[PDB]
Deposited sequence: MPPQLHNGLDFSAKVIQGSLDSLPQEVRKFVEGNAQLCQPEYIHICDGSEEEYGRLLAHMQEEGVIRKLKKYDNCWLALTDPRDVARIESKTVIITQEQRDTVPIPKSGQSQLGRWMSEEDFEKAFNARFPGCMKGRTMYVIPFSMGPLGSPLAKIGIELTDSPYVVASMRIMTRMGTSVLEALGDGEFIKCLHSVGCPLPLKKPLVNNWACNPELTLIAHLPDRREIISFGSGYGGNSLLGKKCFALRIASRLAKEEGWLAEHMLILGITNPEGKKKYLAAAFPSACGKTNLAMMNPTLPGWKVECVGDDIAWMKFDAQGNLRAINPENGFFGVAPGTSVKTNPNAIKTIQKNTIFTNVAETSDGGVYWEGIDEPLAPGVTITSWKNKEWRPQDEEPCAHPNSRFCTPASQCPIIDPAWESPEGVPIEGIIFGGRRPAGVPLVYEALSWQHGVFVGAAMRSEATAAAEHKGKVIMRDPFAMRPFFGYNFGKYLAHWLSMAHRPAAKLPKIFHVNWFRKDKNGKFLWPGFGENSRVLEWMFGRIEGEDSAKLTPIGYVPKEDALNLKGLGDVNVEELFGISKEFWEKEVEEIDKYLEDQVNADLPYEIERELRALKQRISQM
């Protein structure tokens, strides 16, 4: 088979074996080993020992610190240049631009960023050759969704970051059982490098290898490849999450008749013990995680979490909309997480949890803005920038996009069906964002077509930005075709279309205070939705859809909440709103805008005119 050694990197394999790997997985590893020139190859087995030893190695290297207050919890602090998903360096490669984004009239699309094959190939060749010199290439075999669910898909991530390996063990199902379940089946090829070959040319900040200048997160859906360079952070480096499970998957979903969405999934149970599942799409930093593991204030009600971020949904042969959480953990925002805003998070993150860019207490614990847990006198705080921090410093102690990475299995209210291979049946879909004015607390769509329009029309504070379906950063293909795909669900055989709602937690009076207390009190909104799905006559028709009737919302124990301002619908506001939606859709979607969405816009405009 060889004149010399071939492309045989067997000699550098430090765990597992290239002979054990399926043939196509072997080619992927060896081809990229030849390209990236790692010193060693580590094939991940997913075991506790591997995990423990990896964490101890990172500990030795100064990459993570042990949080000695908790049971097996860890803290990573990044280079301040590498702190979040970067949309501007995120691209999708296709033959035709129009398959990736609609061609905007104004010239700049907000619906994705296309790059040509030719331009990507140059970018790739300027980055990856030799990029892993002196480092270990980890081979991470992972399943998005419960192992052997008919809805689950398998990936292989190659990375030179141990932090990514650890984080992927929490956020996916990874190891030898995935390889065994995979066999000779297809898989998504995920390549990641932090982009800092040894010896280091540039100096390392906070022991966090990254390369901001060359950062590029690419998707090649026709090759089933995700190729990410230069960032070690979250959605840029944990390739199963946004890159696979939203961008690549949304495209697969369209081709195969299912849906891959930026949605939490929760089970809600009323005082009678009657149970329904709801899916909800809010943009990043707009409260999915708070809702997904809500502690409902209303007596007798019970919320259980299936997932807090991604939903894969498909109508089964019975016509129920079946949803799975393709993730295995929560990669949740840390700041804001108190006992009051999110008690079930506080209990999940006690053990086996990795923290990134939060502050550290002198007694080995974690701190962040809005934690609402005062410390004993004498307890001092090390910031996320590794410096001493008093409450009267100008800066925050934790970065605003600082995160925890915690196993889903540890959540006290994790739903008993959260790993059922068939998924949970969705009966309602909720859209929402941050709107300080105009938009009531809750309303219900008049039809599937109106509901799809409601999704398409979503807007949210960062400056109120457009974020249709909470998917603006994540569409794997043409948004217009995405809308067509959603609308097509109405013509499926026996499909039982969920009720669609829109919510707004963030409406404010003219002094800028929140008109609604929210958090646990949002169970009062979910009550209404529950009843409306049941067929109850609790709804009054308005121009924008159905709102709750007077006294239909249980406001017992809230007292003097202003229903007037909170449910108010202004003609003047909504005239402006429809005009802005019209111009956006005309500019950003144009020829790919489905007729039915145009019709809903014309209908909404007409209903508003009659006010």
{"query": "Where the deposited sequence has no C-alpha coordinates (positions from 1, in order)", "finding": "1 to 2, 465 to 473"}
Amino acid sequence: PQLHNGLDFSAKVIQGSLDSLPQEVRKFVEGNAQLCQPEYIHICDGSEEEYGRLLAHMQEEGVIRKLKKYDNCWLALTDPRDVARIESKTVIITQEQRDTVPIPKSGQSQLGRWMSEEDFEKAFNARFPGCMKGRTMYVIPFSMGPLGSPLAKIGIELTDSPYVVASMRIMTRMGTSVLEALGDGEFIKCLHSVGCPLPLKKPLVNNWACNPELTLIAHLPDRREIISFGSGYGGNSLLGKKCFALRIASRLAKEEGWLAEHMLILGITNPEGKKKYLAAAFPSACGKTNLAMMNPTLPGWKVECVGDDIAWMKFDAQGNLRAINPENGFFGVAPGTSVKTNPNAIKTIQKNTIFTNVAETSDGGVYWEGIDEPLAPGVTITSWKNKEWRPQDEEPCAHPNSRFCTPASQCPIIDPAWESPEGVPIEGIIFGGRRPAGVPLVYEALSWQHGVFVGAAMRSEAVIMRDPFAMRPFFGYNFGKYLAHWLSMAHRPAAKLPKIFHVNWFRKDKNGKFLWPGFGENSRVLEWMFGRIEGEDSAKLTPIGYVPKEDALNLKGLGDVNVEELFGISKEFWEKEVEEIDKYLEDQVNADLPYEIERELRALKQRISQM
From here on, numbers count along this sequence of modelled residues.
{"query": "Stretch with the greater mean C-alpha B-factor as recorded in the entry, comparing 209 to 217 against 504 to 512", "finding": "504 to 512"}
{"query": "Average Cα temperature factor in the PDB entry - higher stretch of 36 to 44, 555 to 563", "finding": "555 to 563"}
{"query": "Out of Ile354, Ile324, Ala376, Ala281, highest CA B-factor residue", "finding": "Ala376"}
{"query": "Of the residues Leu446, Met168, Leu298, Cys243, the one carrying the largest Cα B-factor as recorded", "finding": "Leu298"}
{"query": "Third of chain Cα B-factors occupied by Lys340", "finding": "highest"}
{"query": "CA B-factor placement of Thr90, once the chain's modelled residues are sorted into thirds", "finding": "lowest"}
{"query": "CA B-factor ranking of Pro594, expressed as a third of its chain", "finding": "lowest"}
{"query": "Ranked against its chain, the third holding the CA B-factor of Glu157", "finding": "lowest"}
{"query": "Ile310 CA temperature factor, ranked by third within the chain", "finding": "lowest"}
